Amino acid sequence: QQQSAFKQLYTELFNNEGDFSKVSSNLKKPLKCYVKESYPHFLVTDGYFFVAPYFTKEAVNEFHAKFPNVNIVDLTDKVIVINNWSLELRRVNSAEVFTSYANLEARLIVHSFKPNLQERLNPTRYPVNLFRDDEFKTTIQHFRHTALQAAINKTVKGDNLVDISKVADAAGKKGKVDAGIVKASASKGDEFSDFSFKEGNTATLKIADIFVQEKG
């Protein structure tokens, strides 16, 4: 039994081709999570790991409406309750986005969240980047391995085996190793991208804009 709500959600999402409709219903209940940081990075924890929530323009406006005396960029150490949220997969540059791995990210789309101002939360372990956890990383790798394997088995055909004569009696034979490279798929660029999941799309707000909106 997974004790990390975030780890279980995000894992099932990946284990279900990024289909948020296939993830267990008994997991789509409100999320009461402690706010670790609010700026420059808004990070919340589920008592074990921390993830970066993505607020829709609607979510912030609503918030700002029901809570005028509350600034989101100042919610650090404070707790919030995400009542309406969703999960979707997005291709990102992990070299820049630390809340991701292997150019893949599972995003927590926030639609409605209430700030339970001044609610002391129970003492927990030090929150770690879910996307740096061994198992999760392994789960993501499984995801890519499955996608890669399916791609190659559909791209590589005809048993084009190196003619045995090339490796046998290679006394007066020289070759270039790049002659062993094979395209894993029909991908356009140099980075594998033949995935089946349909990359989720949803307008989200940059944490910087919400900073200006509350203090130009």
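Superpose the two forms; the largest set of C-alphas matching within 1.5 Å is the rigid core. Numbering starts at 1 and runs along the sequence shown.
Student: On a core superposition, give the stretch, 119-127 or 134-142, with the larger average C-alpha separation from this form in 8 other deposited structures of this protein (RMS over structures and residues).
Tutor: With the rigid core superposed, the C-alphas that lie farther in 8 other deposited structures of this protein are those of 119-127.
Student: Would you say which of 100-108 and 69-77 moves more relative to the shown form in 8 other deposited structures of this protein, going by RMS C-alpha distance with the core superposed?
Tutor: Between 100-108 and 69-77, greater C-alpha deviation in 8 other deposited structures of this protein belongs to 69-77.
Student: Would you tell me which stretch averages the higher CA B-factor in the PDB entry, 13-21 or 203-211?
Tutor: Result: 203-211.
Student: Out of 171-179 and 23-31, which stretch has the higher average CA B-factor listed in the record?
Tutor: For C-alpha atoms only, the mean B-factor is higher in 23-31.
Student: Using only the C-alpha B-factors in the record, can you name which of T146, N93, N84, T138 has the highest?
Tutor: Of the candidates given, the C-alpha B-factor peaks at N84.
Student: Looking at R107, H142, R125, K114, which has the highest Cα B-factor in the entry?
Tutor: Highest CA B-factor of the listed options: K114.
Student: Is the Cα B-factor recorded for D133 in the lowest, middle or highest third of its chain?
Tutor: For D133, whose C-alpha B-factor we compare with every modelled residue in the chain, the answer is the lowest third.
Student: Which third, lowest, middle or highest, does the C-alpha temperature factor of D46 belong to within its own chain?
Tutor: Lowest third of the chain for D46's C-alpha B-factor.
Student: Going by the entry, which third of its chain does the Cα temperature factor of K66 land in?
Tutor: It falls in the top third of the chain.
Student: In terms of the CA temperature factor given in the entry, to which third of its chain does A186 belong: lowest, middle or highest?
Tutor: Middle third by C-alpha B-factor.
Student: So where's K57 on the chain's Cα temperature factor ranking, which third?
Tutor: For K57, whose C-alpha B-factor we compare with every modelled residue in the chain, the answer is the highest third.
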